[PDB]
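Have a look at the structure below before the remarks.
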Amino acid sequence: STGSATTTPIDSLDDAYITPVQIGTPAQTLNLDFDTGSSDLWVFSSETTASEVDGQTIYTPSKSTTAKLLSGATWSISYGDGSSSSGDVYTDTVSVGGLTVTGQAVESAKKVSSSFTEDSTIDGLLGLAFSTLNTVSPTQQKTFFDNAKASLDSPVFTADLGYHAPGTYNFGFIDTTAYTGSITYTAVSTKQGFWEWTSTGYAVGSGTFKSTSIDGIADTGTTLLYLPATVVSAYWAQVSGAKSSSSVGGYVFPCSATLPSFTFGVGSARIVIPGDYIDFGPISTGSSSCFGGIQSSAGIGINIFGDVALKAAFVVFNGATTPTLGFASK
Ligand SMILES: CC1CCN(C(=N)N)CC1
C-alpha cells in the first residue's frame, strides 16, 4: 500500500504545516501537524475542556462506529516551547492520503495549553518519530507509520515541504519526480527516539564550506533551524545590523537586509537553504526588526534541523530495520 497527502503552511511565514487526516467511521477530517520529532497522534476532541477550544475541528469518538476506548490508558506530553496536552485514548481507523491503519491509537485531549488553543489552524499532532517516545501509559502505543509499515510497499515516508507553498507527505514510496539529482543517505541513531543524524558541515552564503560534524534531528514539527552557537554566530555576522536579542529571544536582523543562503552537508552532498527561507518577518506588527530563521540550540540540548532546513530538500525517512535518512535537492 501507499499514501500521499498534501501538506499546507498554516500562515504566511510557514510557522507549521497541516495535513488532512481521516479519523473514524464515517470519516472525521482533522488537520494535523505531522511531527517527526514526537510520537503521539493526539487530537482536539469532544472531551477537550470547552474553554480551551477556539475554532479547532474536534474528533468526537461517540460518532464513530469504529472507535473503542482504550480502557485505562492516558497520555501527557510537553513540547520544546513549553506547550503541552493530555487526555485519554481511543483506538480507531485512521487514513492519510488513502493509506488506512485500523486500530490506531488516537489520543483524545482533555486539556491543551494556551498556545494550542490560540492556534485555530492545528487540530492535533501526528507523531512520526520512533514509537519509543510515545507517552501513552501504562501500555505504550505505536505511531501511524509504525502501524502502517508492514503494509507499505517500502518502509519509508517522505517529507517534501514547500516554501510559502503546499508540499507533500508520501508513505510507502519514493516519488522520483519530486527531486533533482540523487538522494544521499546518511546514518540514523534511534537512541534518543529521534531521526538523529550527523551533518558533515556548513557554509554561509558563497563562503567556503567548513567540514565539521553536527549531530541533530530531522524535525518537521519545529519551525526553525537550531544549530550550535558558533555556527549561528558565523551566519549572522554576515548580515549588517544582526544581533542576538535577549528581549526578543533570538537573533533579529534589519528587515531591510538581504539574507545570505546557508548550506548544510549530508555526506559529500550539500543542501542549500536560500536566504529568503531564513526570514521570519517583523518581530511585531510593523516593526523594522525581523526574526531570524537560524537560531542557537544552546538552550535546548540538541540541534534541530527543522522546517527551515527540511523545506530546502526532499527528505526520505527510511524506517527499514536499520533506519536511515535521505536528502535530495529539489
Ligand atoms: C504545534 C507543536 C509542534 C511541536 N512543538 C515543538 N516543536 N515545540 C510544539 C508545538
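Chain labels run A, B, ... following the order of the C-alpha cells; each chain numbers its residues from 1, and ligands are numbered from 1 in the order shown.
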Using only C-alpha atoms, which residues sit within 10 Å of residue 242 of chain A once same-chain residues fewer than 2 positions away are excluded, as a PDB file with C-alpha atoms, in the first residue's frame?
ATOM      1  CA  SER A 233      27.200  33.454  15.087  1.00  0.00           C
ATOM      2  CA  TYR A 235      25.909  33.105   9.872  1.00  0.00           C
ATOM      3  CA  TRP A 236      24.533  36.287  11.437  1.00  0.00           C
ATOM      4  CA  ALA A 237      27.948  38.008  11.313  1.00  0.00           C
ATOM      5  CA  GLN A 238      27.360  38.229   7.552  1.00  0.00           C
ATOM      6  CA  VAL A 239      24.201  40.324   7.989  1.00  0.00           C
ATOM      7  CA  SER A 240      24.725  44.041   8.722  1.00  0.00           C
ATOM      8  CA  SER A 244      21.066  38.345  19.363  1.00  0.00           C
ATOM      9  CA  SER A 245      18.305  39.935  21.395  1.00  0.00           C
ATOM     10  CA  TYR A 251      18.754  36.646  16.545  1.00  0.00           C
ATOM     11  CA  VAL A 252      16.997  39.524  14.823  1.00  0.00           C
ATOM     12  CA  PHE A 253      18.112  41.467  11.765  1.00  0.00           C
ATOM     13  CA  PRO A 254      17.094  44.632   9.917  1.00  0.00           C
ATOM     14  CA  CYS A 255      14.043  43.980   7.751  1.00  0.00           C
ATOM     15  CA  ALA A 257      18.553  43.136   4.772  1.00  0.00           C
ATOM     16  CA  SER A 289      13.333  44.310  13.185  1.00  0.00           C
ATOM     17  CA  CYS A 290      12.866  40.860  11.657  1.00  0.00           C
ATOM     18  CA  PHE A 291      13.216  37.458  13.298  1.00  0.00           C
ATOM     19  CA  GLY A 292      15.876  35.059  12.066  1.00  0.00           C
TER      20      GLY A 292
END
Closest-contact table, chain A side, partner ligand 1, 8 Å, counting only C-alpha atoms and all ligand atoms, as JSON lines:
{"residue": "A:16", "atom": "CA", "partner": "ligand 1", "partner_atom_place_in_ligand_line": "1 (C)", "distance": 7.0}
{"residue": "A:33", "atom": "CA", "partner": "ligand 1", "partner_atom_place_in_ligand_line": "1 (C)", "distance": 6.5}
{"residue": "A:35", "atom": "CA", "partner": "ligand 1", "partner_atom_place_in_ligand_line": "4 (C)", "distance": 6.5}
{"residue": "A:37", "atom": "CA", "partner": "ligand 1", "partner_atom_place_in_ligand_line": "7 (N)", "distance": 7.2}
{"residue": "A:38", "atom": "CA", "partner": "ligand 1", "partner_atom_place_in_ligand_line": "4 (C)", "distance": 7.6}
{"residue": "A:78", "atom": "CA", "partner": "ligand 1", "partner_atom_place_in_ligand_line": "9 (C)", "distance": 7.7}
{"residue": "A:79", "atom": "CA", "partner": "ligand 1", "partner_atom_place_in_ligand_line": "8 (N)", "distance": 4.3}
{"residue": "A:80", "atom": "CA", "partner": "ligand 1", "partner_atom_place_in_ligand_line": "8 (N)", "distance": 3.6}
{"residue": "A:81", "atom": "CA", "partner": "ligand 1", "partner_atom_place_in_ligand_line": "8 (N)", "distance": 4.4}
{"residue": "A:82", "atom": "CA", "partner": "ligand 1", "partner_atom_place_in_ligand_line": "8 (N)", "distance": 7.0}
{"residue": "A:83", "atom": "CA", "partner": "ligand 1", "partner_atom_place_in_ligand_line": "9 (C)", "distance": 5.9}
{"residue": "A:84", "atom": "CA", "partner": "ligand 1", "partner_atom_place_in_ligand_line": "9 (C)", "distance": 7.6}
{"residue": "A:115", "atom": "CA", "partner": "ligand 1", "partner_atom_place_in_ligand_line": "10 (C)", "distance": 7.8}
{"residue": "A:116", "atom": "CA", "partner": "ligand 1", "partner_atom_place_in_ligand_line": "1 (C)", "distance": 7.0}
{"residue": "A:122", "atom": "CA", "partner": "ligand 1", "partner_atom_place_in_ligand_line": "1 (C)", "distance": 7.2}
{"residue": "A:124", "atom": "CA", "partner": "ligand 1", "partner_atom_place_in_ligand_line": "1 (C)", "distance": 7.9}
{"residue": "A:125", "atom": "CA", "partner": "ligand 1", "partner_atom_place_in_ligand_line": "1 (C)", "distance": 7.1}
{"residue": "A:219", "atom": "CA", "partner": "ligand 1", "partner_atom_place_in_ligand_line": "7 (N)", "distance": 7.8}
{"residue": "A:221", "atom": "CA", "partner": "ligand 1", "partner_atom_place_in_ligand_line": "3 (C)", "distance": 4.7}
{"residue": "A:222", "atom": "CA", "partner": "ligand 1", "partner_atom_place_in_ligand_line": "7 (N)", "distance": 4.1}
{"residue": "A:223", "atom": "CA", "partner": "ligand 1", "partner_atom_place_in_ligand_line": "7 (N)", "distance": 7.2}
May I have the residues from that selection written out with N, CA and C atoms, as an mmCIF file, in the first residue's frame?
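Resulting contents of result-v8.cif:
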data_model
loop_
_atom_site.group_PDB
_atom_site.id
_atom_site.type_symbol
_atom_site.label_atom_id
_atom_site.label_comp_id
_atom_site.auth_asym_id
_atom_site.auth_seq_id
_atom_site.Cartn_x
_atom_site.Cartn_y
_atom_site.Cartn_z
ATOM 1 N N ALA A 16 4.099 26.439 10.678
ATOM 2 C CA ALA A 16 3.895 24.999 10.752
ATOM 3 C C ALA A 16 3.119 24.592 9.516
ATOM 4 N N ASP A 33 -0.691 18.424 12.513
ATOM 5 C CA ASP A 33 0.699 18.808 12.323
ATOM 6 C C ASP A 33 1.553 17.540 12.397
ATOM 7 N N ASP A 35 4.682 15.556 12.805
ATOM 8 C CA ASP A 35 5.805 15.941 13.653
ATOM 9 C C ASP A 35 6.801 14.793 13.774
ATOM 10 N N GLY A 37 9.485 14.782 15.205
ATOM 11 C CA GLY A 37 10.144 14.891 16.488
ATOM 12 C C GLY A 37 9.333 14.463 17.711
ATOM 13 N N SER A 38 8.153 13.895 17.493
ATOM 14 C CA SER A 38 7.389 13.284 18.573
ATOM 15 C C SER A 38 6.626 12.079 18.052
ATOM 16 N N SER A 78 4.771 17.164 26.718
ATOM 17 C CA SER A 78 5.251 18.537 26.716
ATOM 18 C C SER A 78 6.170 18.686 25.521
ATOM 19 N N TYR A 79 6.131 19.853 24.895
ATOM 20 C CA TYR A 79 6.936 20.135 23.716
ATOM 21 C C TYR A 79 8.008 21.165 24.035
ATOM 22 N N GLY A 80 8.862 21.434 23.053
ATOM 23 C CA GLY A 80 10.042 22.263 23.246
ATOM 24 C C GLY A 80 9.792 23.729 23.558
ATOM 25 N N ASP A 81 8.590 24.217 23.256
ATOM 26 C CA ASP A 81 8.240 25.608 23.537
ATOM 27 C C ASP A 81 7.469 25.742 24.852
ATOM 28 N N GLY A 82 7.360 24.647 25.599
ATOM 29 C CA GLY A 82 6.695 24.672 26.889
ATOM 30 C C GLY A 82 5.197 24.423 26.792
ATOM 31 N N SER A 83 4.723 24.160 25.583
ATOM 32 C CA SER A 83 3.321 23.828 25.366
ATOM 33 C C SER A 83 3.108 22.365 25.750
ATOM 34 N N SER A 84 1.852 21.978 25.935
ATOM 35 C CA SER A 84 1.528 20.642 26.431
ATOM 36 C C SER A 84 0.078 20.288 26.192
ATOM 37 N N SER A 115 -1.140 27.879 23.978
ATOM 38 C CA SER A 115 -0.595 28.032 22.637
ATOM 39 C C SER A 115 -1.423 27.222 21.650
ATOM 40 N N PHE A 116 -1.849 26.033 22.070
ATOM 41 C CA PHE A 116 -2.653 25.174 21.215
ATOM 42 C C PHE A 116 -4.036 25.788 21.012
ATOM 43 N N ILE A 122 -4.557 24.267 13.821
ATOM 44 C CA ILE A 122 -3.986 22.957 14.119
ATOM 45 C C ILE A 122 -4.929 22.179 15.023
ATOM 46 N N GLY A 124 -4.513 19.049 15.974
ATOM 47 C CA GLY A 124 -3.789 17.999 16.662
ATOM 48 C C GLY A 124 -2.465 17.725 16.003
ATOM 49 N N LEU A 125 -1.763 16.720 16.526
ATOM 50 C CA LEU A 125 -0.441 16.324 16.050
ATOM 51 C C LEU A 125 -0.460 14.870 15.617
ATOM 52 N N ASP A 219 13.393 17.250 12.034
ATOM 53 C CA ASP A 219 12.178 17.525 12.796
ATOM 54 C C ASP A 219 11.195 18.420 12.052
ATOM 55 N N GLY A 221 8.323 19.081 12.962
ATOM 56 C CA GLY A 221 7.456 19.737 13.931
ATOM 57 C C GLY A 221 8.075 20.960 14.575
ATOM 58 N N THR A 222 9.300 21.287 14.179
ATOM 59 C CA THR A 222 9.966 22.505 14.627
ATOM 60 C C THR A 222 10.097 23.458 13.447
ATOM 61 N N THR A 223 9.771 24.730 13.660
ATOM 62 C CA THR A 223 9.756 25.704 12.577
ATOM 63 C C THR A 223 11.132 26.056 12.043
#
Inset, instruction - Name the residues of segment 101-308 of chain A that fall into strand (DSSP E or B) according to DSSP on the backbone, using the chain letters and numbers of this document, as number ranges by chain. - result: A: 101-112, 124-127, 137, 156-160, 167-171, 184-187, 189, 196-204, 210-218, 225-227, 243-245, 250-254, 262-266, 269-273, 279-282, 289-292, 294-296, 303-305
Legend entry - Shell of 10 Å around residue 158 of chain A, only C-alpha atoms, local chain residues under 5 positions omitted, as a PyMOL selection string: chain A and resi 4+168-175+314-318+325-327
Inset, instruction - Might you pull out every residue within 10 Å of residue 323 of chain A, with only C-alpha atoms counted and same-chain residues fewer than 6 positions away left off, and present them as a PyMOL selection string? - result: chain A and resi 155-156+186-190+195+317
Inset, instruction - Assign secondary structure with DSSP using the backbone only, and return the residues of segment 53-226 of chain A in alpha helix (DSSP H) as an NGL selection string. - result: :A and (114-118 or 144-148)
Inset, instruction - Provide the atom CA of residue 193 of chain A to atom CA of residue 129 of chain A distance in Å, to one decimal place. - result: 6.5 Å
Inset, instruction - Fewer than 4 positions away in the same chain doesn't count, so skip those; otherwise give me all residues within 9 Å of segment 90-95 of chain A, counting only C-alpha atoms, as a list in words. - result: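 Non-adjacent residues within range: residues 3, 21, 22, 23, 24, 25, 27, 61, 64, 65, 66, 67, 68, 69, 70, 71, 73, 99, 100, 101, 102, 103, 104, 105, 106, 107, 108 and 144 of chain A.
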Inset, instruction - Could you give me, as a PyMOL selection string, the residues within 10 Å of residue 140 of chain A, counting only C-alpha atoms and dropping anything in the same chain fewer than 6 positions from it? - result: chain A and resi 40+73-75+105+131-134
Inset, instruction - State, in Å with one decimal place, the distance from atom CA of residue 199 of chain A to atom CA of residue 228 of chain A. - result: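 Answer for the atom CA of residue 199 of chain A to atom CA of residue 228 of chain A separation: 12.2 Å.
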Inset, instruction - Name the closest residue to residue 119 of chain A among the candidates A:89, A:178, A:60, A:55; distances are taken between atoms, counting only C-alpha atoms. - result: A:55
Inset, instruction - Please indicate the distance in Å from atom CA of residue 154 of chain A to atom CA of residue 321 of chain A, rounded to one decimal place. - result: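 Going from atom CA of residue 154 of chain A over to atom CA of residue 321 of chain A covers 11.6 Å.
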Legend entry - segment 270-274 of chain A environment, 7 Å, only C-alpha atoms, sequence neighbours closer than 2 positions dropped, as a list in words: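 Near segment 270-274 of chain A, the qualifying residues are residues 261, 262, 263, 264, 265, 266, 268, 276, 277, 309, 312, 313 and 329 of chain A.
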Requested write-out: C-alpha atoms of the selected residues, as an mmCIF file, in the first residue's frame:
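The file below, part_8.cif, is the result:
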data_model
loop_
_atom_site.group_PDB
_atom_site.id
_atom_site.type_symbol
_atom_site.label_atom_id
_atom_site.label_comp_id
_atom_site.auth_asym_id
_atom_site.auth_seq_id
_atom_site.Cartn_x
_atom_site.Cartn_y
_atom_site.Cartn_z
ATOM 1 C CA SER A 261 21.999 31.420 1.966
ATOM 2 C CA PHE A 262 23.026 28.655 4.351
ATOM 3 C CA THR A 263 24.410 25.336 3.162
ATOM 4 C CA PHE A 264 24.485 22.127 5.232
ATOM 5 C CA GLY A 265 26.309 18.912 4.403
ATOM 6 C CA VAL A 266 24.811 15.477 4.044
ATOM 7 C CA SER A 268 29.591 14.585 0.474
ATOM 8 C CA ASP A 276 14.626 34.131 1.892
ATOM 9 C CA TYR A 277 13.795 30.891 3.780
ATOM 10 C CA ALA A 309 16.239 23.257 6.640
ATOM 11 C CA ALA A 312 15.021 23.074 1.108
ATOM 12 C CA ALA A 313 15.182 19.308 0.453
ATOM 13 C CA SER A 329 17.882 18.835 -3.691
#
